[PDB]
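Just one chain follows, in the form deposited in one PDB entry, and it is written as structure tokens.
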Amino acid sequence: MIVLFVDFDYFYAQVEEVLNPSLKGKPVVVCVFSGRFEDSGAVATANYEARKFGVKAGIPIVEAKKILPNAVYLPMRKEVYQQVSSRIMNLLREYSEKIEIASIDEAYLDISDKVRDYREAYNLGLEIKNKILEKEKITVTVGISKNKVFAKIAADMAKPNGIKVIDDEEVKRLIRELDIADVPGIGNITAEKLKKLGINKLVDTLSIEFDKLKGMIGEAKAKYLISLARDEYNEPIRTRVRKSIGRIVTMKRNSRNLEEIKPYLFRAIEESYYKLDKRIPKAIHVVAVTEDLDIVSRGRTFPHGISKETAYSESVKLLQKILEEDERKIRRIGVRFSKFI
């Protein structure tokens, strides 16, 4: 099996660059302004000229501004990047039918049939990078290996504007060599839990009683890691299905007054129902980010779909449960819909 993975370089900033080419060469910061004070919000992403000074996804816009007061700061336009995304995904379909769209900027391809080895794959690699650059003026990084996980690791190593092959000899090398934190699916919380068990490299996973692993990081993530370390990971490329739709918004001020929270909640419902587009959910969840940035949710599944009218009334009940059961103020409020007919 041969998997080819594509990650679109600094994606939101690059689209902004493409749509306004004068940006190129400058540091560009795509921001999610939250509207509480001037420059409240976070950075969605930044191009490389900004990242090399620490300006990156996650940091507050006020912090980015302190480091690069003269960078170019743009509000995020998700819809635009999304439409550009779709176009690029279409290009890749013309290279394989088996395609796993992982994110707005990530896709895996099963090119087992279309190619014979890591020479030919490298070429198809370049064919694709070039086609996407030609048709869309967008640079991407390509990772190629024996399974998804490694395909992605290859890309991470080779970015930006790279293309990289992790063969079999390297796979075996990285199983011993690679820091387990750099393995997809392993965040700060799992990486620290693995340190406490002495797992610092993928191979260490074999020096443990399976139940102690399951006991710590959970069963599924334990099997994941073990199969990887055993050169045995082999999950297939599959169409991912939209299972949930929603939208959460930031309120100007933290609050506990019901009538103060409702309009944000209603706006959240509205945007969500538009996004549904002929989809009909039987589940609603009201989600709230408390003032200490903790996340509380109350929900309900119906035996039928939910009309906009029903969602309005039910969301207020769930919002009321939340207030009744959590004493903190609400920072962010919103909804998810799920269990589509």
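Numbers for residues come from their place in the sequence shown, where the first is 1. If you superpose the two forms and keep the largest set of C-alpha atoms that fall within 1.5 Å, you have the rigid core.
There is another form of this protein, the form deposited in another entry, and it is not shown here; the text below is about that form.
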query: Answer among 209, 94, 79, 117 for the CA shift between this form and the one not shown that reaches 2 Å or more, rigid core superposed; finding: 209
query: Did residue 197 shift 2 Å or more between this form and the one not shown, C-alpha, core superposed; finding: yes
query: Core-aligned C-alpha movement of residue 172 between this form and the one not shown reaching 2 Å; finding: no
query: Large Cα move at residue 255 between this form and the one not shown, threshold 2 Å, rigid core; finding: yes
